[PDB]
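Here's the structure, in structure tokens; my notes come after.
No hydrogens, no waters, no symmetry mates; every other heavy atom, side chains included, goes into these values. For this chain, numbers begin at 1 and follow the sequence in order.
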Amino acid sequence: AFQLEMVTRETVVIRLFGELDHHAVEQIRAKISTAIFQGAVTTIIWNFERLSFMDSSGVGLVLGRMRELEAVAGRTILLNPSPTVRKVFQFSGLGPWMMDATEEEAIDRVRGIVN
């Protein structure tokens, strides 16, 4: 399961629970790609706290959104991966986007503390 929540007009949090199946991957892709192209989403905070398993389809979902964000000066954070999920990201080359923090901290820090 997943939760999509616009915190600001430009920042969305995507909360994942359990495992993603193809229906969920396609709904996320559809909704979030539209939000980037015909909206103003420029930051995605993926909260993996409750995701128990991630496979190549999940990785591809994340990276396809990274390509969309590249056209709008966007940013991605992979928040709170579990040990197993963290391993999949590291093996896949996505380790550099990982963060262990609260959702509030991640949003405050995404492009550096605002001041």
Side-chain angles (χ1 to χ4, degrees):
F2 62 94
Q3 294 173 4
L4 309 182
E5 183 176 341
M6 296 309 306
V7 166
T8 32
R9 245 300 205 198
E10 53 229 292
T11 294
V12 64
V13 168
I14 305 179
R15 298 204 186 88
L16 299 189
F17 299 87
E19 280 184 43
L20 294 183
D21 68 1
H22 66 96
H23 295 294
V25 165
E26 172 55 29
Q27 288 175 96
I28 293 169
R29 174 172 71 110
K31 290 183 185 184
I32 297 298
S33 63
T34 298
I36 296 168
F37 293 129
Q38 167 39 192
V41 163
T42 62
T43 305
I44 305 176
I45 299 193
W46 297 91
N47 193 347
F48 293 104
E49 188 95 72
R50 301 289 325 285
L51 190 71
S52 43
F53 175 75
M54 179 170 253
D55 62 29
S56 64
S57 77
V59 173
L61 173 67
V62 170
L63 284 165
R65 269 63 283 140
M66 289 171 48
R67 175 67 179 176
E68 298 164 338
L69 291 167
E70 190 195 60
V72 302
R75 288 275 290 112
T76 288
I77 293 178
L78 307 179
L79 200 67
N80 300 329
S82 74
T84 69
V85 170
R86 169 186 310 276
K87 187 177 226 239
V88 179
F89 284 138
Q90 289 177 312
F91 185 83
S92 286
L94 288 165
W97 286 261
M98 305 185 307
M99 178 181 290
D100 301 294
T102 62
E103 286 182 11
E104 176 185 25
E105 284 167 349
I107 93 172
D108 280 340
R109 287 163 187 190
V110 68
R111 295 186 178 68
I113 291 286
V114 177
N115 211 26

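- Between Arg29 atom CZ and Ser57 atom OG the span is 12.0 Å, to the nearest 0.5 Å.
- For the pair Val7/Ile45, no side-chain contact is recorded, criterion being any heavy-atom separation below 4.5 Å from C-beta on.
- Between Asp55 and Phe53 the shortest heavy-atom distance is CB-CE2, 3.9 Å.
- For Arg111, the CZ atom is densely surrounded, since the number of other residues' heavy atoms within 6.0 Å is greater than 12.
- Counting only heavy atoms from C-beta outward, the side chains of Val62 and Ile44 never approach each other to under 4.5 Å.
- Considering every non-hydrogen atom in both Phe89 and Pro81, the closest pair reads CD1-CB, 4.4 Å.
- Smallest separation of non-hydrogen atoms from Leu69 and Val41: CD2-O, 4.2 Å.
- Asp100 places no side-chain N or O within donor-acceptor distance of the main-chain N or O of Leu79, the cut-off being under 3.5 Å.
- Atom CZ of residue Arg15 and atom CD of residue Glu103 lie 4.0 Å apart, to the nearest 0.5 angstrom.
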Trace of the side chain to side chain contact (heavy atoms under 4.5 Å, CB included) decision for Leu78 with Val85: CA-CA 10 Å; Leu78 307 179; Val85 170; over 6 Å; no
Could you walk me through whether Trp97 and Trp46 pass the side chain to side chain contact (heavy atoms under 4.5 Å, CB included) check? CA-CA 10 Å; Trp97 286 261; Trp46 297 91; over 6 Å; no
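- Separation of atoms CD1 (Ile77) and OG1 (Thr11) is listed at 9.0 Å; rounding is to 0.5 Å.
- In this structure the side chain of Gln3 reaches within 4.5 angstrom of the side chain of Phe17, judged on heavy atoms.
- Residues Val110 and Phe48 are members of separate hydrophobic clusters, defined by side-chain heavy-atom contacts under 4.5 angstrom among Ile, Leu, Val, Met, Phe, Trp and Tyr.
- Residue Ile107 holds its CD1 atom at 9.5 Å from OG1 of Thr43, rounded to the nearest 0.5 Å.
- Nearest heavy-atom pair, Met66 versus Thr76, reported as atom, atom and distance to 0.1 Å: CG-OG1, 3.6 Å.
- Rounded to the nearest 0.5 angstrom, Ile32 CD1 and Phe37 CZ are separated by 12.0 Å.
- Summarising the geometry, atom CD belonging to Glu70 is positioned 13.5 Å from atom CZ belonging to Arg75; distances are rounded to the nearest 0.5 Å.
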Go through it in stages, so that I can follow the logic: the residues are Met99 and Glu105, the test is side chain to side chain contact (heavy atoms under 4.5 Å, CB included), and I'd like the CA-CA distance, side-chain angles, deciding distance and then a yes or no. CA-CA 10 Å; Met99 178 181 290; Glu105 284 167 349; over 6 Å; no
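- Between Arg50 and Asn80, every side-chain heavy-atom pair lies at or beyond the 4.5 Å cut-off.
- Side-chain atoms of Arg65 come within 3.5 Å of backbone N or O of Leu61 as a donor-acceptor pair.
- Looking at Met54 and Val59, their side chains come closer than 4.5 Å, going by heavy atoms from C-beta outward.
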